[PDB]
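Encoded as structure tokens, the following chain is the form deposited in one PDB entry, with no partner shown.
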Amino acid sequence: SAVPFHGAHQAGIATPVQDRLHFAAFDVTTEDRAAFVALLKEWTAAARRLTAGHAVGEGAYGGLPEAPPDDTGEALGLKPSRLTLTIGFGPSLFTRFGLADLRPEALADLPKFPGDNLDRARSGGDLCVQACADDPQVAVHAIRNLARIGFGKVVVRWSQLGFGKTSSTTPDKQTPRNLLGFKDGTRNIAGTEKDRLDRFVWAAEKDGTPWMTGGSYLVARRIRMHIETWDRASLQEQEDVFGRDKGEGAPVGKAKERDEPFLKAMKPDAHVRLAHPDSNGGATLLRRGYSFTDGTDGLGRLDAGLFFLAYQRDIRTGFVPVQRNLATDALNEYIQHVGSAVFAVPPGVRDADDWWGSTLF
């Protein structure tokens, strides 16, 4: 019902994937290093409260009537809902506070990719807060109140709501389906594989940046789907595009979803074949993305897709090689990348005296 906030790593990466997401990117408006560390400390205290289901500060009510409530109150009466709050630092942040020489080399700028159609307003950002919970209102309440505490020092650059499974009605032992209708997440790094997380996800001290040990690197991509075009393709084109059948999610020529794939039975430009580590030098990713549907656009189409989030030990050896291998993916007919950002995700908050970003500052 709650997920511990403290640890060697930040929660919300290897911890169980919650039902809903509210992802927020912030831009820093202050030049004062001290004012910013002060904010980071205030945020951590508030995050401790929020992840345990308490209001921030003095609470949402019952204080001096002449004062605004410390907490906007829309979460009163709700449970922690497995809220986790993960903070990340964007490349642009390291142009401030004299941190230029402390940018990790592993936090590489993404190249341009064939087909990219990036909306500059929903891209990048100085920092991010990933808010995962089973209740969308708990997640939003977290983002809202963190933005309120930071007003005057950070502004909200862009924001994205997402949903995955609804765990009160869907079994834990069941792969969710994305909005194209295929099972999503079958071949992924699991939170249980400590060895795989150490190899592919967590920054090692010998990786070159000491203050990032225990951290990870995050790639965010807002990926629109062309729903109405996808929905007119035959059942067979859809299955050809991924290399798995729609119903069971089995690799072509196998019987069960979790049969290991035989890559040569797939079409050379099938998604799974091109994304598989065997096609990419062993490059392996922890995917933790969410579906989104924001409404309908100007021509009556559904503005929906996948808010793709990947964690990895080094952007140069994780996302970048695999995304590059998708240049000729058959899926590309049906999707379009319209938003992008990278963040260095610092190590965890070790105890009640620690704070977000303490190793960097």
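The first residue of the shown sequence is 1; numbering continues from there. In this text, rigid core is short for the largest set of C-alphas that superpose within 1.5 Å between two forms.
- Legend: mean Cα B-factor per stretch from the PDB entry, 67 to 75 versus 161 to 169; the higher mean is in 161 to 169.
- On average the C-alpha atoms of 95 to 103 have higher B-factors than those of the other stretch, with 214 to 222 and 95 to 103 being the two compared.
- By the numbers in the PDB entry, the CA B factor is greatest at 264 among 144, 287, 122, 264.
- Between the residues 61, 26, 319, 307, the entry's highest C-alpha temperature factor is the one at 61.
- When the modelled residues of the chain are ordered by their C-alpha B factor, residue 30 lands in the highest third.
- Sort the chain's modelled residues by C-alpha temperature factor and residue 294 lands in the middle third, per the entry.
- Looking at the C-alpha B-factors along this chain, the one for residue 191 belongs to the highest third.
- Per the deposited record, the Cα B-factor of residue 134 falls in the lowest third when ranked against the other modelled residues of its chain.
- Split the chain's modelled residues into thirds by C-alpha temperature factor. Residue 269 is in the lowest one.
There is another form of the same protein, the form deposited in another entry; it is not shown, and what comes next is about it.
- The comparison between this form and the one not shown, aligned on the rigid core, picks out a single residue among 97, 163, 113, 158 whose CA moves by 2 Å or more, and that residue is 163.
- After superposition on the rigid core, displacement of the C-alpha of residue 260 between this form and the one not shown stays below 2 Å.
- After superposing the rigid core, the Cα of residue 172 is displaced by 2 Å or more between this form and the one not shown.
- Relative to this conformation, a decrease of 3 Å or more in the Cα-Cα distance between residue 25 and residue 167 is found in the other form.
- With a change of no less than 3 Å, the CA-CA distance between residue 172 and residue 192 is smaller in the other form than in the form shown.
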